[PDB]
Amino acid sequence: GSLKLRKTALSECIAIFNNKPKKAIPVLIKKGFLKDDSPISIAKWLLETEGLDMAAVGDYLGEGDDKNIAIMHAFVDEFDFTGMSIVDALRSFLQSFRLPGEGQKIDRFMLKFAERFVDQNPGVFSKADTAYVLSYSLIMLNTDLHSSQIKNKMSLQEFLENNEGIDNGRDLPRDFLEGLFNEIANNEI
């Protein structure tokens, strides 16, 4: 300093979180920014607070510990997917944190997402498993249309093929899948 910028108390706590998420929880409560360490309290703070590192958040929610799993479930429970297409729901969800690397962690996120989506949109799909597998196909499509340096763009035909049989052992309607394809094509997640 001695006259350099001072950080707010909240900004100091956010810095602690971004360095080590679990260390911030007992500090946020101590300082009154967090009511308690219940899954719902923590999940709400993650979603309400600006300036959190999305990779730090994703890694925290993705930890293979039952308490972190509970927080992640609460995090998904805060989303309102009612009336959204599965693409709009996925966009809202995946733009709020960075998915971790290991497949088993990803699967936890995507299964809970699928369950929440079907709970709030009864009659779109008969089974959460349909929304679950479709979500991976949509993530792959998103990558191949907008991000990939090592694959050509995925065609609509290929996207249809990739989802054969997923509706309780039957194909989804072509028009339904074409709609989702275009949603992804026109606005990257």
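In case it trips you up, residue 1 is the first one in the sequence shown, and so on.
When the C-alpha B-factors of 151-159 and 51-59 are averaged, 151-159 comes out higher. For the pair 161-169 and 21-29, the mean B factor over Cα atoms is greater in 21-29. When the modelled residues of the chain are ordered by their C-alpha B factor, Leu145 lands in the highest third. Per-chain ranking of the deposited C-alpha B factor places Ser135 in the lowest third. For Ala43, the recorded CA temperature factor ranks within the lowest third of the chain's modelled residues.
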